[PDB]
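Read through the structure below, which is laid out as structure tokens, and then see the notes.
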Amino acid sequence: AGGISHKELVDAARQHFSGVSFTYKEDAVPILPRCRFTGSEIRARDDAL
Amino acid sequence: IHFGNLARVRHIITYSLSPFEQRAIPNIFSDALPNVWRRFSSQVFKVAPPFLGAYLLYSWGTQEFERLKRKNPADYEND
């Protein structure tokens, strides 16, 4: 963001962001195991606060 | 008023879960019943004793009283 040309930017990437992937697994954005919500409570008591 | 002026408490964490995320009467066998027994056991000998000791006194005095109503032939073997 700023005064930059998408072009001149996209190019620099091509140049320093090389390392191309061979297998398909490298192009695989892994899906994360769901996190379960739990109605509960945690009470940290310190009357000295 | 009464909550907040109670006592000085430090470093104690407590965790609990919404009643809807847990069981109303959990581990009836594995945990529940065993403790019911444990407790029964613990007290049985402090309680039961004097109760039983009374029961006797009851039964004794209760029957001994009946015995005092029946007649003793040894009062009439004299006629």
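No Cβ is skipped: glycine too gets one built from the backbone with ideal geometry, and neighbour counts run over all protein chains shown. Taken together, the values in this text are just the output of simple stated rules run on the coordinates, not laboratory data.
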Filter result for A:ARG34 (under 30 Å from B:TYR15 (Cβ atoms) and within 25 Å of the chain's Cα centre (by Cα)): yes
Within the stretch B:13-56, tally of residues that are loosely packed, with under 10 Cβ neighbours inside 10 Å and in a strand (DSSP E or B): 3
Qualifying residues in the stretch B:14-39 (those that are aromatic (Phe, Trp, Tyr) and farther than 26 Å from A:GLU41 by Cβ) - the one farthest from the other protein chains (Cβ to nearest Cβ): B:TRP37
Members of the stretch A:1-45 found to be assigned to a loop (DSSP other than H, G, I, E, B) and under 30 Å from B:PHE20 (Cβ atoms), listed by number: A:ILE31, A:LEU32, A:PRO33, A:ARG34, A:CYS35, A:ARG36, A:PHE37, A:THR38, A:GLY39
